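K.L.:
Test case, fold it:
(2 chains)
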Amino acid sequence: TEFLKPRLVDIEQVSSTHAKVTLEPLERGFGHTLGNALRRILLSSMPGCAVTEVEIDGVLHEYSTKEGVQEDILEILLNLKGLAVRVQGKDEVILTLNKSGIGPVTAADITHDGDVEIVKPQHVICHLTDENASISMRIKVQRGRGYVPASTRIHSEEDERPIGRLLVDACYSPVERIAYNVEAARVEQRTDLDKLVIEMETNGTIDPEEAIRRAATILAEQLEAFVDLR
Amino acid sequence: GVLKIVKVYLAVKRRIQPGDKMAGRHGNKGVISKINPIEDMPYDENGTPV
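P.N.:
Residues are numbered from 1 along each chain as shown, chains lettered A, B, ... in the order given. Below you will find the coordinate block:
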């Protein structure tokens, strides 16, 4: 047993969205073993927060039209699916959005909660054309993992069914694109032994190092079945 | 014989599923058979899934 474990070397953070993570030294074959097995957990299993429910005043359904607004309500919901939000303490937070007068309604117009951080404040939600026009809505962000559609969610729970509540497809998983490479390490005299560059392309919320830590945790917890139980 | 009529309008939002017919513009038909998860799809060196 020559058990040779890698260690986290360097996290080249080019942006808050895109960041490279270098990993060495890996013994021959483990580069692609962790590479793909990690990529899979990082695509699908990562927890994140996403807009689940919206409730706009003067809106009975998502197909209707609101006066003084360039976007139809569907296109506003679409913008809220992709609204970068981080809840620190609770799993569910309902944020309030009131705003009026001529201007593109940005994410910063939402009232920030004590433990809620809006990651892209300049994110467009709606365009107000008339000065007279004002918009009011209640945006529910919940935390989950993967992708939970509004069609998967409109056929399970549905205990309270309040008319004027617009459900939205949840884009929970924070990782958008991910691709691991394998490169020379140039360590001691190993030659064979190399490193593993995991290039991550995520939203704002989940932090590159944090995310890889969580993904390694999920893999090891699934391996409990093959180590403990024989 | 008709006293009054009420016309109700529904809006269905049907997403794609296996069985839906798709095609290009060169007469290349086809039926979705399975929606493969993103994790399983082929990806180029750049990392971008097909």
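
K.L.:
Grab the nearest non-local neighbour of residue 30.
P.N.:
I went with chain A, as the question did not name one. residue A:6 (7.4 Å; Cβ to Cβ, 6 or more residues apart in numbering or on different chains). Yep, even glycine has a C-beta here, placed from its N, CA and C like the rest.

K.L.:
Sorry, I should have been clearer: chain B.
P.N.:
residue B:22 (5.6 Å).

K.L.:
where does chain A come near chain B, residue by residue?
P.N.:
Neighbours of chain B within chain A, by Cβ under 8 Å from any Cβ of the partner chain: A:39-40, A:43-44, A:61, A:63, A:149, A:151, A:177-180, A:199, A:201.

K.L.:
For PyMOL, write the select line for the buried members of the residues you listed.
P.N.:
The PyMOL command for the buried members of those (criterion: 16 or more other Cβ atoms under 10 Å in any protein chain shown) is given here:
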select buried, chain A and resi 39+40+43+44+177+178+179+180+199+201
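
K.L.:
Which ones among the residues of chain A next to chain B map onto helices?
P.N.:
Mapping the residues of chain A next to chain B onto helices (DSSP state H) picks out A:39, A:40, A:43, A:44.

K.L.:
pretty sure the third one contacts residue B:38?
P.N.:
Spelled out, that is residue A:43. Yes: applying Cβ atoms under 8 Å, one finds residue A:43 in contact with residue B:38, separated by 5.6 Å.

K.L.:
from chain A, which residue is nearest to chain B?
P.N.:
Going by Cβ to the nearest Cβ, chain B is nearest to residue A:179 of chain A, at 1.9 Å.

K.L.:
Not counting sequence-adjacent ones, nearest residue to that residue?
P.N.:
Using Cβ to Cβ, 6+ apart, the closest residue to residue A:179 is residue B:47 (1.9 Å).

K.L.:
neighbours around that neighbour, how many?
P.N.:
Residues lying near residue B:47 (other Cβ atoms under 10 Å in any protein chain shown) number 16.

K.L.:
how about the residues of chain B near chain A?
P.N.:
So chain B meets chain A at B:11, B:13, B:15, B:37, B:38, B:39, B:43, B:45, B:46, B:47, B:48, B:49 (Cβ under 8 Å from any Cβ).

K.L.:
farthest-separated two in these?
P.N.:
Across the residues of chain B next to chain A, no pair lies farther apart than B:11 and B:45, at 43.2 Å, counting by Cβ to Cβ.

K.L.:
Now distance to residue A:78 too, for the ones in helices among the residues of chain A next to chain B, in a markdown table please.
P.N.:
Formatted as a markdown table, these follow (distance: Cβ to Cβ, whole Å):
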| residue | distance to residue A:78 |
| --- | --- |
| A:39 | 27 |
| A:40 | 28 |
| A:43 | 22 |
| A:44 | 22 |
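
K.L.:
what's near enough to touch the most centrally placed residue in chain A?
P.N.:
The structure's chain A has its C-alpha centroid closest to residue A:174; by Cα atoms, centre = their mean the separation is 2.3 Å. Neighbouring residues of residue A:174 by Cβ atoms under 8 Å, 6 or more residues apart in numbering or on different chains: A:46, A:48, A:202, A:203, A:205, A:206, A:211.

K.L.:
between those residues, which is nearest residue A:27?
P.N.:
residue A:211 (24.5 Å).

K.L.:
check which helix or strand covers that closest one.
P.N.:
Using DSSP states H and E, residue A:211 sits within helix A:208-222.

K.L.:
Quick check: the gap between the residue sitting nearest the centre point of chain B and residue B:35.
P.N.:
Nearest to the geometric centre of chain B sits residue B:16, at 2.3 Å (Cα atoms, centre = their mean). Per Cβ to Cβ, to the nearest Å, residue B:16 is found 8 Å from residue B:35.
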